[PDB]
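For reference, the chains in residue letters:
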Amino acid sequence: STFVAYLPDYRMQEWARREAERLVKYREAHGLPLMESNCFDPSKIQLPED
Amino acid sequence: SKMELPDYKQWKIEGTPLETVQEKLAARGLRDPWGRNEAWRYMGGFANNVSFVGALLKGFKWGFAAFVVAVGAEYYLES
Amino acid sequence: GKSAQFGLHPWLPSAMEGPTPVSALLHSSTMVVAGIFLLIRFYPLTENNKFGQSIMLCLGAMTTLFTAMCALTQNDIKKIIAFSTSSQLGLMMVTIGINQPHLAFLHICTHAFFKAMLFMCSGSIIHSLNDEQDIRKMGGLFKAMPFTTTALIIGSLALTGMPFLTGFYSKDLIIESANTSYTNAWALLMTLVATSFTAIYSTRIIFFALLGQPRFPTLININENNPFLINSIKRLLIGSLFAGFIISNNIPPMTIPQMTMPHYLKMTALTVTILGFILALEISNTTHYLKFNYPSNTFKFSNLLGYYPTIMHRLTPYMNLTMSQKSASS
Amino acid sequence: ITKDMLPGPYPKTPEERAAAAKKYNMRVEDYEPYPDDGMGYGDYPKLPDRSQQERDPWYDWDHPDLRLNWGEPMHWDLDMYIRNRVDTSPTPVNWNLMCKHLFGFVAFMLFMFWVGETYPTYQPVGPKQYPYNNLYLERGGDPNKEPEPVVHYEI
Amino acid sequence: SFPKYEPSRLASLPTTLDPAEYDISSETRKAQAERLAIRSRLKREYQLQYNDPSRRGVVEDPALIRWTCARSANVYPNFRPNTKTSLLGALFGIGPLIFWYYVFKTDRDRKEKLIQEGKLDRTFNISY
Amino acid sequence: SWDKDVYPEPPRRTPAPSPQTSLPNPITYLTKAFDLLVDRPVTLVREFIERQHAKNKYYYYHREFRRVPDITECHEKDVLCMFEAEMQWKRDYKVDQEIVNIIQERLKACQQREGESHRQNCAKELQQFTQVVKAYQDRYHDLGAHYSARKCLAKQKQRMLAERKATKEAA
Amino acid sequence: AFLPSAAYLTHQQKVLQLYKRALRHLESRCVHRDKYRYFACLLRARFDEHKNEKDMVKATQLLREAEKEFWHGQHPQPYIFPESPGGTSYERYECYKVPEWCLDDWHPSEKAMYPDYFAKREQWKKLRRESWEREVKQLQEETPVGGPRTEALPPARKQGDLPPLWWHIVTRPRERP
Amino acid sequence: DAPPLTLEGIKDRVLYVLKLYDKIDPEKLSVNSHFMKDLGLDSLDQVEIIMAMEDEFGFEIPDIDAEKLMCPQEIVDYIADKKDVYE
Amino acid sequence: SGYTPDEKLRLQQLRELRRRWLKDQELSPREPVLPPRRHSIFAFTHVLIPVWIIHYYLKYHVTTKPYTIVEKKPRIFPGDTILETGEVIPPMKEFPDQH
Amino acid sequence: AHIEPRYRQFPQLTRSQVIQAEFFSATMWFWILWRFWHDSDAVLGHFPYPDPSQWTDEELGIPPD
Amino acid sequence: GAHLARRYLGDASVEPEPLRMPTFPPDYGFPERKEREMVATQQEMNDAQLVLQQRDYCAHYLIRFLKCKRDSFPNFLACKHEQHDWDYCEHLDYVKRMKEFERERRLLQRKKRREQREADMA
Amino acid sequence: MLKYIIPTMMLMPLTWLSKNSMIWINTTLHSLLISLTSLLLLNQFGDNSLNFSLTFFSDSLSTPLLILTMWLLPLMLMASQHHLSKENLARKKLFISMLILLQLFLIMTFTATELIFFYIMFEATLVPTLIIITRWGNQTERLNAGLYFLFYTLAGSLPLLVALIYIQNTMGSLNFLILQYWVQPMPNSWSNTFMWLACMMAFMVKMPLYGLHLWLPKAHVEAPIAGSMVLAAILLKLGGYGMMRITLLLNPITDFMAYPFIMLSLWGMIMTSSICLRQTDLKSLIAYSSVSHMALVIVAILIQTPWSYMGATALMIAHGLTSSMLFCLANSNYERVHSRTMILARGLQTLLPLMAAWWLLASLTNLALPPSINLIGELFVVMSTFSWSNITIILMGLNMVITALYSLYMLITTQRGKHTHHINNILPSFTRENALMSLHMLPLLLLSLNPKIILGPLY
Ligand SMILES: CCCCCCCCCCCCCCCCCC(=O)OC[C@H](COP(=O)([O-])OCC[N+](C)(C)C)OC(=O)CCCCCCCCCCCCCCCCC
Ligand SMILES: CCCCCCCCCCCCCCCCCC(=O)OC[C@H](COP(=O)([O-])OCC[N+](C)(C)C)OC(=O)CCCCCCCCCCCCCCCCC
Ligand SMILES: *C(=O)CCCCCCCCCCCCC
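What counts, and where the lines are drawn
- Residues numbered from 1 in each chain as written, not as in the entry; some residues may be left out.
- Chains lettered and ligands numbered in written order.
- Part of a larger assembly, values for the part shown.
- Heavy atoms only, no water.
- Helix = DSSP H or I, 4+ residues; strand = E, 2+ residues; numbered from the N terminus.
- Rg over C-alpha atoms; globule rule 2.2 N^0.38 Å.
- Buried < 20%, exposed > 50% of the residue type's maximum accessible area, 1.4 Å probe, protein only.
- Contact = heavy atoms within 4.5 Å.
- Areas by Shrake-Rupley, 256 points an atom, 1.4 Å probe, with all protein chains shown as cover.
- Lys, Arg positive; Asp, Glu negative; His and termini not counted.
- Charge placed at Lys NZ, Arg CZ, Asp CG, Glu CD.
- Near = heavy atom within 4 Å.
- Polar contact = N/O pair within 3.5 Å; in protein donor to acceptor, adjacent residues only side chain to side chain.
- Buried area = accessible area lost by both parts, 1.4 Å probe.
- Nonpolar A, V, L, I, M, F, W, Y, C, P; charged D, E, K, R; others polar.
- Salt bridge = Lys/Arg side-chain N within 4 Å of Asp/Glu carboxyl O.

- Per the PDB record, this model was obtained through cryo-EM at a reported resolution of 3.8 Å.

The following block contains the structure:
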């Protein structure tokens, strides 16, 4: 119980807060949207022909 | 352990509604052999029970006296 | 499921098999209101919706009418007050079903007090008669237990909704909001009939348990001088006398009060209570005659719990177990 | 326990029927089995299908909580027929009459509830009046869109 | 005159209203006497095996193990597949499966055809 | 402490306590009793622990990952670089999940702190939450329990063809 | 019909049981003492008016009509005594009826807490275990062939000899432990 | 609650109930006085006595044991056994 | 009916044995042999230590985390004065009185 | 002390329970009477109810036709 | 309360539906009709944290009652006059509501007399 | 994974070289040392699994199962050390060696990176359980229990192995660190249908699926309780590991094919809950409850949503612990009364209070009392199945009634009521028994505080 109580940051979950705590702090100061509908860059994809 | 039991001649069925019950069986020619068994419930302090309205207004005298005393006290207080 | 309404009601009268304080807490004052507490918890969602409000109002009226009808002619005292608190739960879902949250919450706060105090007074009477819980063997206890006599009279008066008591500050507001609103007329009618039936069974408890000639056996072990019981009944009597007034004063105004109505829609609660008192007084006076009245279908339908623990507690387990064994296990 | 203590197949002739009856230690004529319809019942005795509340409660039973003695050929559904389960007590009212009364009562007042839903009660009043276009901004509406100005008139 | 209380599956006749108590044929008392003899033998055996100071263990009732063996282990060896058993097995084995399959199927096509055309409101549904 | 931009809170406006009647209230006396009996030893043991903290003050650092080429520039069936692309994609997945979590925290805090008139003063938080929910639903929803960067890229491709078809059919 | 000793209920016993059940239901019907006494005297007078009837078949048919009206006119919830089956306190105190052989399982460090009781228990057990062979000798010669015909236990026929099969009927604890 | 009762207490109670019965004369009764032999009552009077004792002690006696105890001493013995006197 | 002498004698002996056992159920005065081994202690241990512990926890571990103890802002009425700013909310217009 | 049970007679009554019961009944009735004299509103009425039939037409602004 | 029998057992045309009323023009027979007045400005009405159900047209008595309750602690019974004033205002609003109901009923009944006159001569 | 396999293979001579009276103490002590050592597997990252070597890896999924396995071995050793006191010393060492070999094959099963290795040791596990079931049982039907247990499972997997070999000829590697990136979609055809059936049916039998569940009650009412606990608690989880390692390759054909499997699992879990409502043996009742729980797990992994995977893993671990401790309860009762009848021994709360408390805790944790991990997993699966379709909640709702109704009833007739008069050998609580029961119960409560360690590979 003492080992699993002080286990060093399981799956970096707390780290998942901290960088996120940085990231919005970036994009709320420069007018950028919070998250975008495109997961990757939409200009770096060769769209197939239709 | 040992309790004293009351006299079994002091339990009389007279003055009770069981006397009227025995009157009814005497009118129809029957006997009530178990009136003396239930005779004790209809005398003494166990008898003379107040009615429903008498149950609701229990202690109304003291309450109304205190109410009129308090309303007189407030009547003098506002002056 | 939690407040024991229609469809899932009979566990509330069935749960009187436990100890008396267990009933008096859980199935009288505290645990049974959890479903109603969940309903008034989610009032911003039920405020703008009409379907759920209508169906839950009709379910509450159904529950309070059926439970009051079953409570009219029952012979067990604890079962009578269990049906009483189920009817009160139906009334609280009726008044939250008409978009009045804080009135229902105030009724919860008052009902816990007075219903718990009636339950412990009944438990003291039960213990003083050597574990005998039938209303057809008590009575003549006005001068035998004067403290519990006064407490039971005050509690029945508060249950009926008598003026300027703890039940007056919540139930009268509930019924005046139920009268003057866009309600179902059938629900309002069964609310009034439920109020009359509450008056009838409360004065039935008073007449058959506190007045008249004694019916218990001759070994008289009447005793109530223990300081714990006296102090507890005194505490809840002070509560049921003044805490309702204190709570109704100190709650912030969060709803529009309705007080412009005609006289016949304002005297309704007291007049129906007095009418129920008069009708049950007629019944109690006519029970003293040396006659015999053959019971009709009304008494069989009333005293046998609406036949609901006789039909739905016999057919559904039979069907489930025969499906489980004859069709599945074998 | 051996090969003729556990229950066996269906007994056909009177002799094997008597052997099965003395296997369960009961009367020969009162031991009658279920009909061999292919459900795999066997030579188990068929009780008259009554509950266990009907048993004598004052009799000195071998098992008092079950009202069951020792060596009795028990029911095929003893688990179903305990006191804590389905009960077959003789009710003072007729069962069909009970079902008819309950169904009629429930259907009648459900129909009356729906009838009252069709024709409701109300108060002789008008609608409630709210300022600022019936509280357009306080309802959560957007402020960049100007609502239609509706006013409430005195009488 | 008086209501005739009908027999029912959930409401048996009482032990007192049954006319079978009040017949005075001789084989009735003979059967009752032989039942009492059987019960007396069983009760005598139980009391002799149950009041023993030397015995420390469970009184092994043959009826309990007999019933538990007849409940499970003696179903297949005395089973013969006929029209009734096969019909009941097919009715209670593949019926509800087909019913639930068809209900869940048509629910799935309705939900899918609602969600591909955008008619299903999935504004806030991001946990799945 | 915490940064005030990522968790914004309006300044507090507490009205002046001015008695109307002459009856005193016990709240001030109990507040003084709380400040005397409770707050002072708590502050004393807090200054004790922080003074013991001041002797041994070592630092820990927030780990940062450099940007790696994504799944688009990965040769097919060459695991040695799509492994890194998937690694970065999973880290960004966790970051985006926590971003939606912090927006939900903002919305809940606004709705609680705005009292009974929260339906009007939390319009900005509702708009931000709706935008971030639509972004998360476009970015990560319906991937399945066996999600991977290839499936997310295929879903993004299908959404792009749907948008291009909607543009062409309504041009 | 079902009795520990008998196999057939005599018509006199059935009449008495009908009288008992019908009068108990009458008492449960009318609560008050005076009405109960009056109607009980009426029922006793009715049974007395039909008492002088020595015809078996006529009393048979009269019993059948009587049972039919008794079931037709019974209360749905008859009064049941608090210790009777069906009562409110039926087998409630049975959770404390721990049998005596649990005292066999006690630790020796607690068996010295009550030395006199445990010495009395061991001498009682010695008495029982020496009387066991005597009582099974008593049943092994008094029982008829093919087992007993009735369940009525025989008494002890000798002075000093304990009653046969006496233990587990006399061993049941008090109803208020 | 519910004080234990000695054998003489229930004996006083049973003789009191017998003395309060009109059919029993209050002089000829005893513990072993048979109802049909010493006093010559009927079976119905015996069930009346059984009901009186059931209502007096507040518990139910089974019908077989109601008809089996045939003397006041048998009533005393059965009540003392069921209440387990002399604890 | 009555009692056969056999069953009556049997229940007499059984009642004798029962009365004997219930006589021997009484305990002697020396049993049980037990082996050998502040007014304001409740209001200090059960109250004050929980107050100190929960106040330490709430002051230096929960208030440091954002959006944990979120409190509704107090209502603002006309004629009040904010202590942290000093600006006074201006007085509300006179009532068009009717009573 | 503890009350010894009495056989088929009236049980003993301590003066304390009777005094407390009469006290509670007195405070009950006194509170009822005091609240009924002071408030006198929620049991009888708060405001008058104007009838719908006594209104005229110029209050309602109905031209005649 | 005879309107229920006049509507359901009688004729439902006389009693207007409370769900959608009034549907008549508001200037019908009311020249220079003056609307009701709001005393509290919207910001000063909103910063008191007042629930939407109680946002009536004369909530000045209500907000003064809330202020009286908030500054008279612990003497809770010292603000019954403000409660009486708020009750008076709510009562006056209810008089306005049944005046609107009577106006709608009498105007629609005048429409019935009009169509009866159309039946008489037109 | 050599730091746990070598301790097991080195404890093997320790139980072979131990003295004639210190086998149990030494084996229990050293297995508890291995159990403490096994906590080092929790070095988990939010992106990458702890890949130890070429043929061994352990993500967030298999680590709680490994910890459960080598925590389960000492509990089995204590639970099977009573009735083997009269058994010969060589056969005692044979039994302990069989348990040790079963643990070794289980830990090698959950960490096998290659699916062929996973299959090979996943039914190298078949030999020790078969040996224990057939040899150390207590009835005749154990012989039949060696047939239905065996010829079901192998008949599900001898197709499957061929299918696995086919993947070795198709993808070129069956490694799981490779197949997460080389996976191709499965087209709609009859060949892919039969490949899906072959890859599914082995673990469908091993769950078991309803219809194929006949091997579970027949192999539980007669086993030595070490075998009963390993079968109920950890041996049924091989199907779950098969699901969460195989379902990556079987997309997207699983979505429009698993309809009859889900119908069978839901209606069969309803049927088995109903069968629990009318049982007479404790062991059969617990086995049918396990059938219901594994049918729920089948639905959870078949709908394949992340919430369902969290709920499936949590429900798997919680059900394993609960079923093992329920079998410990039933073994204590069968030890004391020498029978398996439920109605025989009643009212044991009057005689055994601490076993009554353990009965109450077992029944409370069985019906998913919050905030236990059983309720966490069951609730997550409930929400995922509501997300699959609406009407499913009805097919859940009745079960959640029935899964309470027997779960108390199985308690009540075994604990509440008038005790049986003719039973007098009810001994008090042995310290070994209650120590085993507490060692079962305390981790189940403790995991409710920190559930994030047992929430699957995608928490
Ligand atoms: C794991 C899979 C296989 C299963 C079997 C495993 C076998 C081996 C078991 C090894 C030992 C156990 C390991 C798991 C231990 C889990 C517990 C644990 O350590 O959690 C860590 C967690 C850690 O907390 P945390 O995660 O919040 O802390 C964050 C970590 N730090 C501190 C570094 C920032 O411990 C707790 O949560 C403890 C909280 C305080 C203690 C409890 C206080 C309240 C107690 C109850 C009061 C009354 C309440 C009301 C009751 C009403 C009636 C019911
Ligand atoms: C528990 C008992 C029941 C177990 C049931 C197990 C599942 C049922 C199906 C199993 C089939 C056997 C394994 C097939 C693996 C195929 C893998 C694959 O890629 O196939 C594609 C290949 C496709 O052929 P191909 O790949 O060679 O062709 C090249 C590709 N095309 C088609 C484009 C040209 O499928 C087959 O070759 C046939 C597959 C079906 C096999 C049918 C025969 C077996 C039937 C089931 C018997 C089950 C045991 C019964 C007895 C049990 C004991 C009593
Ligand atoms: C006109 O009378 C309408 C009154 C409101 C609707 C009917 C309410 C009926 C029930 C309450 C009043 C009962 C009076 C005896």
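Moving on from the coordinates now.
1. Structural notes on the overall build of chain E
Now for step 1: Along the backbone of chain E there are 4 helices and 0 strands.
Now for step 2: For chain E, the sequential pattern of α-helices and β-strands runs α-α-α-α.
Now for step 3: By the compact-globule yardstick of 14 Å for 128 residues, chain E is too spread out, its C-alpha radius of gyration being 30 Å.
Now for step 4: Referenced to the eigenvectors of the C-alpha coordinate spread, the extents of chain E come out at roughly 85 × 60 × 40 Å.

2. Comments concerning the overall build of chain C
Now for step 1: The helix and strand inventory of chain C stands at 15 helices and 1 strand.
Now for step 2: Taking 20 Å as the expected radius of gyration for a compact globule of 330 residues, we find that chain C reaches 20 Å, a close match to that expectation.
Now for step 3: Expressed along its principal axes, the backbone C-alpha trace of chain C runs to roughly 65 × 60 × 40 Å.
Now for step 4: Of all 330 residues assigned to chain C, the portion counted as buried reaches 63%.
Now for step 5: Long-range pairs, those at least 24 residues apart, make up 81% of the contacts in chain C with a sequence separation of at least 6.
Now for step 6: Total accessible area on chain C is roughly 11700 Å²; 70% of this is exposed by carbon and sulfur atoms.
Now for step 7: Distance between charge centres in chain C, computed from 19 positive and 10 negative side chains, equals 4 Å.

3. Focus on the site of ligand 3
Now for step 1: Around ligand 3, a shell composed of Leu192, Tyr264 and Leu265 of chain C, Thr121 of chain D together with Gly1, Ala2, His3 and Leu4 of chain K is seen.
Now for step 2: Those chains with residues close to ligand 3 are chains C, D and K.
Now for step 3: In the environment of ligand 3, an oxygen atom lies 3.0 Å from a nitrogen or oxygen atom belonging to the side chain of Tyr264 of chain C.
Now for step 4: In this structure, an oxygen atom belonging to ligand 3 sits 2.9 Å away from a main-chain N or O atom of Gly1 of chain K.
Now for step 5: The fraction of the free accessible surface of ligand 3 (460 Å²) that becomes covered by protein chains is 65%.

4. Points about the interface of chain A and chain L
Now for step 1: Taken together, the 8 residues of chain A in the interface contact 15 residues of chain L.
Now for step 2: Summed over both sides, the interface of chain A with chain L buries roughly 1100 Å², with 56% coming from carbon and sulfur.
Now for step 3: Looking only at chain A, the three residues that lose the most surface to chain L are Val4, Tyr10 and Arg11 of chain A, adding up to 63% of its buried area.
Now for step 4: The tally of links between chain A and chain L comes to 5 residue pairs in polar contact.
Now for step 5: Grouping the constituent residues of the side of chain A that touches chain L by class yields 5 nonpolar, 2 polar and 1 charged.

5. With respect to the interface of chain D and chain E
Now for step 1: At the interface, 41 residues of chain D touch 37 residues of chain E.
Now for step 2: For the pairing of chain D and chain E, the buried interface totals around 3600 Å² over both sides, and the portion due to carbon and sulfur atoms is 56%.
Now for step 3: Run the count over chain D and chain E and you get 4 salt bridges.
Now for step 4: In this structure, the salt-bridge partner of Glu34 of chain E is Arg27 of chain D, at a minimum N-O distance of 3.0 Å.
Now for step 5: In this structure, the connection of chain D to chain E is made through 15 residue pairs in polar contact.
Now for step 6: The class makeup of the residues in the side of chain D that touches chain E is 17 nonpolar, 12 polar and 12 charged.

6. Some thoughts on the site of ligand 2
Residue and element names in this part refer to chain L.
Now for step 1: Inspection of the region around ligand 2 gives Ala155, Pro159, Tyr166, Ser191, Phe194, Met195, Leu197, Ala198 and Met201 as its neighbouring residues.
Now for step 2: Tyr166 places a side-chain nitrogen or oxygen 2.7 Å from an oxygen atom of ligand 2.
Now for step 3: The fraction of the free accessible surface of ligand 2 (1100 Å²) that becomes covered by protein chains is 43%.
Now for step 4: Elements represented by at least two residues in the shell around ligand 2 include exactly α7 (142-170) and α9 (190-206).
Now for step 5: The element that contributes the greatest number of residues to the shell around ligand 2 is α9, accounting for 6 residues.
Now for step 6: Among the residues making up the shell around ligand 2, the classes are represented as 8 nonpolar, 1 polar and no charged.

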